[PDB]
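# Quick check, what structure comes out for this input:
(chains A, B and C)
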Amino acid sequence: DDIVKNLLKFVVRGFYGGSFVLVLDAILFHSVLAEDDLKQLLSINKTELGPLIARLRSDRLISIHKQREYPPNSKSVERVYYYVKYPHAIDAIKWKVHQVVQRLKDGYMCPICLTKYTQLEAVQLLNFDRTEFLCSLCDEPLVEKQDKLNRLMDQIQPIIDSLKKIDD
Amino acid sequence: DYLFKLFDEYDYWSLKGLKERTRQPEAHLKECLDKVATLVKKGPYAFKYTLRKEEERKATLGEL
Amino acid sequence: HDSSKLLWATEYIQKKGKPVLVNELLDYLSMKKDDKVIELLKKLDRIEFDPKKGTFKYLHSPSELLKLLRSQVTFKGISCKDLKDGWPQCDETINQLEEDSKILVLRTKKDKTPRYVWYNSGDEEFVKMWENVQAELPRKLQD
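Numbers count the residues shown, from 1 in each chain, chains lettered A, B, ... in the order given. Please find the structure below.
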């Protein structure tokens, strides 16, 4: 599971800060933990562990099984099982990177009206008397990258190559 | 040194009992006690410090 | 009540600025000659026990921090001040390992000038590009 761990570290470098990366590495060190084990393992509190857990729940990064330890001593035991699910993480990362590339691949506004216009609206907004694009209701004046996205995409390309290596 | 002799004399005591003895603010009493004694916040003795040579400690206090 | 004697003796070793014989301590600290006073010095890491007669002296940071993280491979957190005490003036080394992004440091959510150092187990536009919206059929199409 070294390749999966490397992909998770790359995802930690891309997504969020270092504390989340360290928590994931701590989960990687110890096989299974139940809901209290990170708190014993970490100096962070449980309420703050909760904001981080909510952040992990927002994504597909890891998985939770919810289990009770049955033996009837008091209220028994709420044990949660956090086990990483590789397929969901792979799917979400692919959707994000492809969507990011689509966003990278992918104007008129009036100061007083705060409206917005487009090229088709340009043909409409043109006036013959003056030379300008005029607003519709207020008749106000109208006013109003890829290479940089490509360089940041060079960072995305190493991650894509790592994903290809993980696949085969 | 006197407070420590109380600690062997009492396994449980309070910053109030100590401030009454030492006539010092409880804040100062709470600092040193953190070194010798530990606090139990649960049980009948809750909010009271329990311990963990006494003459050697007293002579060390006299030196310092 | 043997915990206090070690500190009053050690802070005295700092005040005197020189090592003190066990007998000189036991006479100055007015204690019966005993192995426990020496044994507390043998136990305490802030005091050095000297094999020649009695003598008691008071008592590479990035490498020490890396070794501590490696030993910490089972431990998911450590204290910032304790690491500094183990390797005097280690806060700077901890911050440097942080900036290197290996033993990485975590900036204080309490006083923003402080920084914690942590043990290594070893932009939103960029992040949203790396996250965006987050199902099974597109995953199967992805697979």
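# give me the residue from chain B nearest chain A.
The minimum distance from chain B to chain A, using Cβ to the nearest Cβ, falls at residue B:42 (16.1 Å). (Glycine included, C-beta is placed from N, CA and C.)
# Give me the nearest residue to residue 88, chain neighbours excluded.
Unless you meant another one, I'm taking chain A. With Cβ to Cβ, 6 or more residues apart in numbering or on different chains as the criterion, residue A:88 has its nearest non-adjacent residue at 3.8 Å, and that residue is residue A:60.
# wait, chain C
Nearest to residue C:88 is residue C:61, by Cβ to Cβ, 6+ apart, at 7.6 Å.
# can I assume the one you found is in contact with residue C:93?
Yes. In this structure residue C:61 lies within contact range of residue C:93 using Cβ atoms under 8 Å: 4.2 Å.
# hey, what's in contact with both of these two?
Counting by Cβ atoms under 8 Å, 6 or more residues apart in numbering or on different chains, the contacts common to residue C:61 and residue C:93 are residue C:87.
# which SSE is the spatially most central residue of chain C in?
For chain C, the residue nearest the mean C-alpha position is residue C:83 (1.6 Å; Cα atoms, centre = their mean). Per DSSP states H and E, residue C:83 falls inside helix C:80-86.
# same deal with residue C:14?
Taking DSSP H and E as the definition, residue C:14 sits inside helix C:3-16.
# from chain A, which residue is nearest to chain B?
For chain A, Cβ to the nearest Cβ, closest residue to chain B: residue A:74, 16.1 Å.
# Show me which residues of chain A sit near chain C.
Within chain A, the residues that sit near chain C (Cβ under 8 Å from any Cβ of the partner chain) are A:11, A:14-16, A:18-19, A:21-23, A:25-26, A:28-30, A:38, A:41-44, A:58-60, A:87-88, A:90-97, A:99-100, A:103-104, A:152, A:155-156.
# do chain B as well
Counting by Cβ under 8 Å from any Cβ, chain B sits next to chain C at B:4, B:7-8, B:35-36, B:51-57, B:59-64.
# The residues you listed in strands, which ones?
Members of these lying in strands (criterion: DSSP state E): none.
# ok, which stretches of chain B are helices?
With DSSP state H as the criterion, chain B has helices at B:2-9, B:15-22, B:26-35, B:54-63.
# how about the residues of chain C near chain A?
Residues of chain C lying close to chain A by Cβ under 8 Å from any Cβ are C:73-79, C:98, C:101, C:104-106, C:118-122, C:126-136, C:138-139, C:142-143.
# try 7 Å this time
C:73-77, C:79, C:104, C:106, C:118, C:121, C:126-127, C:129-132, C:134, C:138-139, C:142 (Cβ under 7 Å from any Cβ of the partner chain).
# now these: which count as buried?
The neighbour-count test (16 or more other Cβ atoms under 10 Å in any protein chain shown) marks C:75, C:76, C:77, C:104, C:106, C:118, C:121, C:129, C:130, C:131, C:132, C:139 as buried among the residues of chain C next to chain A.
# out of those, who's nearest chain B?
Taking Cβ to the nearest Cβ as the measure, chain B lies nearest residue C:77 of those, at 21.9 Å.
# so how far is residue B:6 from the closest one?
Using Cβ to Cβ, to the nearest Å, we find residue C:77 at a distance of 37 Å from residue B:6.
# Same check on residue B:58?
Applying Cβ to Cβ, the value for residue B:58 to residue B:6 is 13 Å.
# more neighbours, the two?
Neighbour comparison, residue B:58 and residue B:6: the larger count goes to residue B:58, with 21 against 15 (by other Cβ atoms under 10 Å in any protein chain shown).
# was I right about that one contacting residue B:2?
No. Assessed by Cβ atoms under 7 Å, residue B:58 is found out of contact with residue B:2, at 8.6 Å.
# just to revisit the earlier point, residues contacting the residue nearest to residue A:88?
A:88, A:89, A:92, C:134 (Cβ atoms under 7 Å, 6 or more residues apart in numbering or on different chains).
# Filter these down to the ones in helices?
Among those, the members falling in helices (DSSP H) are A:88, A:89, A:92.
# Which positions within stretch C:103-115 qualify as buried?
C:103, C:104, C:105, C:106, C:115.
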